[PDB]
$ cat coords-v7.txt   # compact mmCIF, C-alpha atoms and all ligand atoms
# COMPACT_ATOMS: atom_id res chain seq x y z
CA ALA P 1 0.00 0.00 0.00
CA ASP P 2 1.15 3.56 0.76
CA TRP P 3 3.21 4.65 3.74
CA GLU P 4 2.74 8.38 4.33
CA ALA P 5 -1.02 8.56 3.72
CA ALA P 6 -1.52 5.81 6.29
CA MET P 7 0.83 7.81 8.52
CA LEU P 8 -1.33 10.82 7.70
CA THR P 9 -4.36 8.62 8.42
CA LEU P 10 -2.87 7.73 11.82
CA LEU P 11 -2.39 11.44 12.55
CA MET P 12 -5.90 12.40 11.42
CA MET P 13 -7.54 9.54 13.33
CA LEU P 14 -5.76 10.64 16.51
CA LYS P 15 -7.40 14.04 16.01
CA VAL P 16 -10.75 12.25 15.81
CA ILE P 17 -10.07 10.29 19.01
CA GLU P 18 -9.17 13.38 21.06
CA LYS P 19 -12.44 15.08 20.06
CA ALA P 20 -14.57 11.94 20.47
CA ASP P 21 -17.17 11.54 23.20
CA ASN P 22 -18.26 7.88 23.40
CA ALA P 23 -16.30 4.63 23.28
CA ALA P 24 -17.62 3.60 19.85
CA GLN P 25 -16.02 6.57 18.09
CA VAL P 26 -12.72 5.82 19.84
CA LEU P 27 -12.91 2.10 19.06
CA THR P 28 -13.76 2.67 15.39
CA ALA P 29 -11.01 5.25 14.88
CA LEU P 30 -8.50 2.96 16.61
CA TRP P 31 -9.45 0.13 14.25
CA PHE P 32 -8.99 2.53 11.33
CA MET P 33 -5.52 3.10 12.79
CA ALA P 34 -4.97 -0.65 13.05
CA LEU P 35 -6.25 -0.86 9.47
CA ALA P 36 -3.85 1.83 8.24
CA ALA P 37 -1.00 0.20 10.18
CA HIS P 38 -1.91 -3.17 8.65
CA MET P 39 -1.81 -1.89 5.06
CA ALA P 40 1.27 0.30 5.53
CA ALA P 41 3.22 -2.47 7.29
CA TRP P 42 4.02 -3.94 3.87
CA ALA P 43 4.86 -0.49 2.48
CA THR P 44 8.22 1.31 2.36
CA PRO P 45 8.92 4.99 3.12
CA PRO P 46 10.19 7.14 0.24
CA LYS P 47 13.63 7.81 1.74
CA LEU P 48 14.25 4.07 2.29
CA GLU P 49 13.29 2.73 -1.15
CA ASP P 50 17.01 2.44 -2.02
CA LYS P 51 17.97 0.47 1.11
CA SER P 52 18.46 -3.27 1.41
CA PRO P 53 15.45 -5.22 2.76
CA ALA P 54 17.82 -6.92 5.22
CA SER P 55 19.64 -3.67 6.00
CA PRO P 56 19.65 -2.68 9.70
CA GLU P 57 18.27 0.76 8.79
CA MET P 58 15.36 -0.84 6.92
CA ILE P 59 15.03 -3.59 9.53
CA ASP P 60 14.80 -0.92 12.24
CA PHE P 61 11.80 0.42 10.32
CA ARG P 62 10.17 -3.02 10.56
CA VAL P 63 10.39 -3.36 14.35
CA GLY P 64 9.53 0.33 14.63
CA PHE P 65 6.20 -0.40 12.96
CA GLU P 66 5.66 -3.51 15.10
CA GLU P 67 5.91 -1.29 18.19
CA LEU P 68 3.30 1.01 16.63
CA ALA P 69 0.91 -1.82 15.74
CA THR P 70 1.35 -3.29 19.23
CA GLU P 71 0.56 0.04 20.90
CA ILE P 72 -2.64 0.35 18.85
CA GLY P 73 -3.81 -3.09 19.98
CA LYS P 74 -3.29 -2.07 23.60
CA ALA P 75 -5.35 1.09 23.06
CA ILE P 76 -8.10 -0.90 21.31
CA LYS P 77 -8.54 -3.28 24.25
CA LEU P 78 -8.82 -0.29 26.59
CA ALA P 79 -11.47 1.14 24.25
CA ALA P 80 -13.10 -2.30 23.96
CA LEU P 81 -13.55 -2.66 27.74
CA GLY P 82 -15.49 0.63 27.77
CA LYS P 83 -12.61 2.65 29.26
CA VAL P 84 -13.17 5.60 26.94
CA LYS P 85 -10.95 7.95 28.97
CA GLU P 86 -8.07 5.55 29.63
CA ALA P 87 -8.06 4.64 25.93
CA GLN P 88 -7.91 8.31 24.98
CA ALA P 89 -5.05 8.56 27.47
CA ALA P 90 -3.44 5.68 25.57
CA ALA P 91 -4.05 7.70 22.39
CA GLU P 92 -1.91 10.48 23.89
CA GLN P 93 1.10 8.18 24.22
CA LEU P 94 0.21 6.72 20.82
CA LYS P 95 0.64 10.14 19.18
CA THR P 96 4.17 10.32 20.59
CA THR P 97 5.06 7.06 18.83
CA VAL P 98 3.32 8.12 15.61
CA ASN P 99 5.06 11.51 15.50
CA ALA P 100 8.47 10.03 16.32
CA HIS P 101 8.12 7.35 13.64
CA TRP P 102 6.69 9.63 10.94
CA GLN P 103 9.29 12.39 11.32
CA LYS P 104 12.08 9.82 11.00
CA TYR P 105 10.94 8.81 7.49
CA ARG P 106 8.77 11.64 6.11
CA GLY P 107 11.32 12.82 3.55
CA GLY P 108 11.30 16.51 4.43
CA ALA P 133 -5.32 -6.11 18.71
CA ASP P 134 -5.27 -9.19 20.94
CA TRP P 135 -8.06 -11.79 21.02
CA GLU P 136 -10.66 -10.47 23.47
CA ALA P 137 -10.08 -6.94 22.16
CA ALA P 138 -11.69 -7.98 18.88
CA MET P 139 -14.31 -10.19 20.56
CA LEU P 140 -15.44 -7.15 22.55
CA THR P 141 -15.43 -5.20 19.28
CA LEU P 142 -17.66 -7.85 17.70
CA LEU P 143 -20.09 -7.51 20.61
CA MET P 144 -20.16 -3.71 20.50
CA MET P 145 -20.60 -3.62 16.72
CA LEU P 146 -23.60 -5.94 17.03
CA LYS P 147 -25.09 -3.37 19.41
CA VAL P 148 -24.53 -0.74 16.70
CA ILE P 149 -26.16 -2.94 14.04
CA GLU P 150 -29.34 -3.53 16.06
CA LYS P 151 -29.77 0.23 16.61
CA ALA P 152 -28.87 1.13 13.02
CA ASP P 153 -31.34 2.62 10.55
CA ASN P 154 -29.93 2.50 7.00
CA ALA P 155 -27.97 -0.18 5.15
CA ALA P 156 -24.72 1.82 5.23
CA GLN P 157 -24.49 1.76 9.04
CA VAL P 158 -25.10 -2.00 9.00
CA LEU P 159 -22.60 -2.55 6.17
CA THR P 160 -19.87 -0.46 7.82
CA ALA P 161 -20.33 -2.07 11.24
CA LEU P 162 -20.25 -5.52 9.63
CA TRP P 163 -16.92 -4.69 7.98
CA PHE P 164 -15.57 -3.59 11.36
CA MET P 165 -16.61 -7.06 12.51
CA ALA P 166 -14.81 -8.64 9.56
CA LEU P 167 -11.89 -6.34 10.35
CA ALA P 168 -11.75 -7.38 14.01
CA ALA P 169 -11.94 -11.05 13.01
CA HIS P 170 -9.19 -10.51 10.42
CA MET P 171 -6.63 -8.89 12.73
CA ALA P 172 -7.38 -11.34 15.55
CA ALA P 173 -7.41 -14.31 13.16
CA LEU P 174 -3.91 -15.47 14.13
CA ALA P 175 -4.53 -14.39 17.74
CA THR P 176 -4.74 -16.71 20.75
CA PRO P 177 -7.13 -16.51 23.72
CA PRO P 178 -5.55 -16.19 27.19
CA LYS P 179 -6.64 -19.65 28.37
CA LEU P 180 -5.14 -21.34 25.28
CA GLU P 181 -1.67 -19.76 25.25
CA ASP P 182 -0.23 -22.95 26.82
CA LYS P 183 -1.77 -25.33 24.27
CA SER P 184 -0.07 -26.86 21.26
CA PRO P 185 -0.75 -25.14 17.91
CA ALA P 186 -1.57 -28.58 16.48
CA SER P 187 -3.59 -29.56 19.56
CA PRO P 188 -7.25 -30.39 18.77
CA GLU P 189 -8.37 -27.92 21.44
CA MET P 190 -6.50 -25.10 19.69
CA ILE P 191 -7.43 -26.63 16.32
CA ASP P 192 -11.10 -26.41 17.31
CA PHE P 193 -10.48 -22.71 18.01
CA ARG P 194 -9.22 -22.23 14.44
CA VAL P 195 -12.24 -23.76 12.69
CA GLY P 196 -14.49 -22.11 15.27
CA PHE P 197 -13.23 -18.71 14.13
CA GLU P 198 -13.59 -19.69 10.47
CA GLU P 199 -17.29 -20.30 11.09
CA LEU P 200 -17.45 -16.82 12.61
CA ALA P 201 -15.58 -15.14 9.75
CA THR P 202 -17.70 -17.00 7.20
CA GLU P 203 -20.93 -16.00 8.96
CA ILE P 204 -19.93 -12.32 8.80
CA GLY P 205 -19.31 -12.57 5.06
CA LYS P 206 -22.83 -13.89 4.52
CA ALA P 207 -24.32 -11.01 6.54
CA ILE P 208 -22.24 -8.47 4.60
CA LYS P 209 -23.63 -9.66 1.25
CA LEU P 210 -27.17 -9.29 2.61
CA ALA P 211 -26.30 -5.75 3.72
CA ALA P 212 -24.54 -5.05 0.41
CA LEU P 213 -27.63 -6.01 -1.61
CA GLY P 214 -29.63 -3.40 0.33
CA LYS P 215 -31.49 -5.94 2.50
CA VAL P 216 -31.00 -3.92 5.67
CA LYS P 217 -33.62 -5.90 7.61
CA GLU P 218 -32.55 -9.39 6.51
CA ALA P 219 -28.92 -8.47 7.24
CA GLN P 220 -29.92 -7.34 10.73
CA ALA P 221 -31.79 -10.64 10.97
CA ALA P 222 -28.49 -12.31 10.07
CA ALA P 223 -26.89 -10.17 12.78
CA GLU P 224 -29.22 -11.83 15.29
CA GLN P 225 -27.86 -15.27 14.41
CA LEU P 226 -24.36 -13.77 14.31
CA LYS P 227 -24.62 -12.73 17.97
CA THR P 228 -25.37 -16.34 18.90
CA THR P 229 -22.12 -17.48 17.29
CA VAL P 230 -20.17 -14.61 18.86
CA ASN P 231 -21.55 -15.25 22.36
CA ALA P 232 -20.95 -19.00 22.11
CA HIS P 233 -17.37 -18.55 20.90
CA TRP P 234 -16.42 -15.77 23.34
CA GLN P 235 -17.77 -17.54 26.43
CA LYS P 236 -15.85 -20.72 25.54
CA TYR P 237 -12.53 -18.82 25.67
CA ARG P 238 -13.20 -15.67 27.73
CA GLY P 239 -11.06 -16.99 30.59
CA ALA P 265 -17.04 -11.51 2.43
CA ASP P 266 -17.30 -13.16 -0.98
CA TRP P 267 -16.49 -11.39 -4.25
CA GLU P 268 -19.67 -9.57 -5.28
CA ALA P 269 -20.31 -8.69 -1.63
CA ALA P 270 -17.23 -6.46 -1.50
CA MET P 271 -17.80 -5.21 -5.05
CA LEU P 272 -21.19 -3.87 -3.96
CA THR P 273 -19.52 -2.13 -1.02
CA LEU P 274 -17.18 -0.26 -3.38
CA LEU P 275 -20.18 1.14 -5.25
CA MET P 276 -21.78 1.79 -1.85
CA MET P 277 -18.78 3.74 -0.54
CA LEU P 278 -18.40 5.65 -3.82
CA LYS P 279 -21.96 6.89 -3.28
CA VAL P 280 -20.89 7.98 0.21
CA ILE P 281 -17.76 9.72 -1.09
CA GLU P 282 -19.65 11.78 -3.68
CA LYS P 283 -22.08 13.00 -0.99
CA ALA P 284 -19.35 13.57 1.61
CA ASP P 285 -18.40 17.00 2.92
CA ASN P 286 -15.10 16.86 4.84
CA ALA P 287 -11.87 14.96 4.20
CA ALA P 288 -12.48 12.54 7.08
CA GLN P 289 -15.63 11.04 5.54
CA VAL P 290 -13.76 10.63 2.25
CA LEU P 291 -10.79 9.02 4.02
CA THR P 292 -12.90 6.58 6.06
CA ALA P 293 -14.95 5.49 3.03
CA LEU P 294 -11.78 5.08 0.95
CA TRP P 295 -10.26 2.89 3.66
CA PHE P 296 -13.46 0.85 3.67
CA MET P 297 -12.89 0.44 -0.07
CA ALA P 298 -9.30 -0.61 0.57
CA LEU P 299 -10.66 -2.90 3.30
CA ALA P 300 -13.19 -4.57 0.98
CA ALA P 301 -10.54 -5.02 -1.72
CA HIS P 302 -8.26 -6.63 0.86
CA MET P 303 -10.74 -9.23 2.11
CA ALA P 304 -11.96 -10.01 -1.43
CA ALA P 305 -8.43 -10.20 -2.87
CA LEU P 306 -8.30 -14.00 -2.59
CA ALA P 307 -11.99 -14.21 -3.55
CA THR P 308 -13.30 -15.61 -6.83
CA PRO P 309 -16.28 -14.35 -8.87
CA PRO P 310 -19.14 -16.81 -9.44
CA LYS P 311 -18.55 -17.11 -13.20
CA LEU P 312 -14.84 -17.94 -12.71
CA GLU P 313 -15.07 -20.64 -10.03
CA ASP P 314 -14.60 -23.31 -12.74
CA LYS P 315 -11.47 -21.71 -14.22
CA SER P 316 -7.88 -22.70 -13.54
CA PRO P 317 -6.02 -20.56 -10.97
CA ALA P 318 -3.18 -20.25 -13.51
CA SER P 319 -5.59 -19.69 -16.41
CA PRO P 320 -5.05 -16.36 -18.21
CA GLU P 321 -8.73 -15.51 -17.73
CA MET P 322 -8.39 -15.89 -13.96
CA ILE P 323 -4.91 -14.36 -14.17
CA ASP P 324 -6.44 -11.31 -15.86
CA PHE P 325 -8.80 -11.11 -12.87
CA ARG P 326 -5.83 -10.96 -10.49
CA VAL P 327 -4.01 -8.08 -12.19
CA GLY P 328 -7.36 -6.37 -12.73
CA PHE P 329 -7.86 -6.28 -8.97
CA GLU P 330 -4.31 -5.02 -8.42
CA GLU P 331 -5.11 -2.02 -10.62
CA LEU P 332 -8.18 -1.40 -8.46
CA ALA P 333 -6.29 -1.65 -5.17
CA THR P 334 -3.59 0.63 -6.58
CA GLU P 335 -6.06 3.32 -7.67
CA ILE P 336 -7.67 3.18 -4.22
CA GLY P 337 -4.31 3.79 -2.55
CA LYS P 338 -3.72 6.78 -4.82
CA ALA P 339 -7.10 8.27 -3.88
CA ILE P 340 -6.36 7.69 -0.19
CA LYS P 341 -3.17 9.75 -0.38
CA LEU P 342 -5.01 12.66 -1.99
CA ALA P 343 -7.58 12.42 0.81
CA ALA P 344 -4.87 12.11 3.47
CA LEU P 345 -3.12 15.31 2.35
CA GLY P 346 -6.40 17.18 2.92
CA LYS P 347 -7.27 17.47 -0.79
CA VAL P 348 -10.91 16.56 -0.28
CA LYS P 349 -11.94 17.73 -3.76
CA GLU P 350 -9.05 16.19 -5.73
CA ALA P 351 -9.62 12.91 -3.89
CA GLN P 352 -13.32 12.99 -4.79
CA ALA P 353 -12.14 13.71 -8.34
CA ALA P 354 -10.01 10.58 -8.05
CA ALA P 355 -13.15 8.80 -6.80
CA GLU P 356 -14.82 9.69 -10.11
CA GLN P 357 -12.15 7.81 -12.05
CA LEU P 358 -12.28 5.07 -9.41
CA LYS P 359 -15.94 4.44 -10.22
CA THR P 360 -15.01 3.86 -13.87
CA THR P 361 -12.60 1.10 -12.85
CA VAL P 362 -15.08 -0.38 -10.37
CA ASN P 363 -17.93 -0.42 -12.90
CA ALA P 364 -15.75 -1.93 -15.64
CA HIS P 365 -14.41 -4.65 -13.33
CA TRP P 366 -17.74 -5.56 -11.73
CA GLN P 367 -19.58 -5.75 -15.06
CA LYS P 368 -16.97 -8.18 -16.42
CA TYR P 369 -17.54 -10.70 -13.60
CA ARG P 370 -21.04 -10.18 -12.15
ZN ZN P 401 -4.52 -8.94 5.93
$ encode --input "coords-v7.txt" --output "structure tokens"
Amino acid sequence: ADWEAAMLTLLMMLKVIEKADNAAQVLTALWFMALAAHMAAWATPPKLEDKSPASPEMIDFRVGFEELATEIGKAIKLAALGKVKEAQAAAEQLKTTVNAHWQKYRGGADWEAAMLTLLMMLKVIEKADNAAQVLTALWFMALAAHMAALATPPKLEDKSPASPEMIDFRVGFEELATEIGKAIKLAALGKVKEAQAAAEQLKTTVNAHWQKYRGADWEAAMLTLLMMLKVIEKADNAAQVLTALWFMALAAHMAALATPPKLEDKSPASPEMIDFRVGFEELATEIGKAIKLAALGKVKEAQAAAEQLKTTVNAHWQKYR
């Protein structure tokens, strides 16, 4: 992805946390920070593009970002437990790490933290009104399940990774991640009530999985891109454009390994399916470009980039819907 726009996203989201009031705004903005840190972890700053990947200067950048991702997970769990003030206090120390890391290269969550996020997002879905609030909260659920996918509950840290008890935890989470993808497609198709009905059954799976360890498909995400593009065109500030663009980068990330329905019987090395892979890379690349224009504050030029983004989204979705 991009480095500095995610670093600009981290800075802007910290400004949203300090002026937030409830714990949901803090938890969502912290996950957007964990999202930006997840995409930018693979990136490379501009002044280090001509340094060896095994170089100590570039390898110091790797552990430097691990410290930043780890600090965000600690602030998320504080925001997940309802400690809205102590999490904002953790956002103060977070800004020190973000500023120290950004200035050095700017040219010139744990298990129950996500499980508490899943529970809180379900409370936002039940009190939602439109399909966008349900669709966004469901992606935050898919986000929380994605970052905590390789996580480990506290009561299972002393169990073998190949142990059937820990193995049952892996497939148990796959059922949870798969259930969320089904509810997202219902929310993507506009079925706001049936998706909330799927959120009822989702809470049963979340409660059953959390208590045992407390101590999206292709066209689903493609409909979210068109959904977010409709939110970008009717947005006002640069924050709404940035959040919706990250939701587009989020949907493209979860649906990257996805397969359209008309290509499920095509070889993975087939040029027709291969053309689908590079076609999605062009889409993820254009999204990253629009995020940087939105991160620099250019709310109009980013929306102008969202116009050209809709041309790529419409041409790609039509070819495989
Ligand atoms: Zn990932």
$ residues_near_ligand --input "coords-v7.txt" --ligand "ligand ZN 401 (chain P)" --cutoff "10 Å" --atoms "only C-alpha atoms and all ligand atoms" --output "list in words"
residues 35, 38, 39, 167, 170, 171, 173, 299, 302, 303 and 305 of chain P
$ residues_near_point --input "coords-v7.txt" --point "(-14.0, -1.6, 0.8)" --cutoff "12 Å" --atoms "all atoms listed in the file" --output "MDAnalysis selection string"
chainID P and resid 35 159:160 162:164 166:167 208 212 265 267:278 280 291:305 332:333 336:337 362
$ atom_distance --input "coords-v7.txt" --atom1 "CA of residue 369 in chain P" --atom2 "CA of residue 310 in chain P"
7.6 Å
$ atom_distance --input "coords-v7.txt" --atom1 "CA of residue 237 in chain P" --atom2 "CA of residue 190 in chain P"
10.6 Å
$ atom_distance --input "coords-v7.txt" --atom1 "CA of residue 31 in chain P" --atom2 "CA of residue 335 in chain P"
22.4 Å
$ closest_residue --input "coords-v7.txt" --among "P:355, P:53, P:313, P:27" --to "residue 338 in chain P" --atoms "all atoms listed in the file"
P:355
$ residues_near_point --input "coords-v7.txt" --point "(-2.8, 9.5, 26.5)" --cutoff "12 Å" --atoms "only C-alpha atoms" --output "ChimeraX atom specification"
/P:14,17-18,71-72,74-75,78,84-97
$ closest_residue --input "coords-v7.txt" --among "P:366, P:102, P:3, P:135" --to "residue 45 in chain P" --atoms "all atoms listed in the file"
P:3
$ closest_residue --input "coords-v7.txt" --among "P:8, P:207, P:158, P:219" --to "residue 99 in chain P" --atoms "all atoms listed in the file"
P:8
$ closest_residue --input "coords-v7.txt" --among "P:196, P:46, P:239, P:188" --to "residue 58 in chain P" --atoms "only C-alpha atoms"
P:46
$ closest_residue --input "coords-v7.txt" --among "P:211, P:172, P:290, P:1" --to "residue 153 in chain P" --atoms "all atoms listed in the file"
P:211
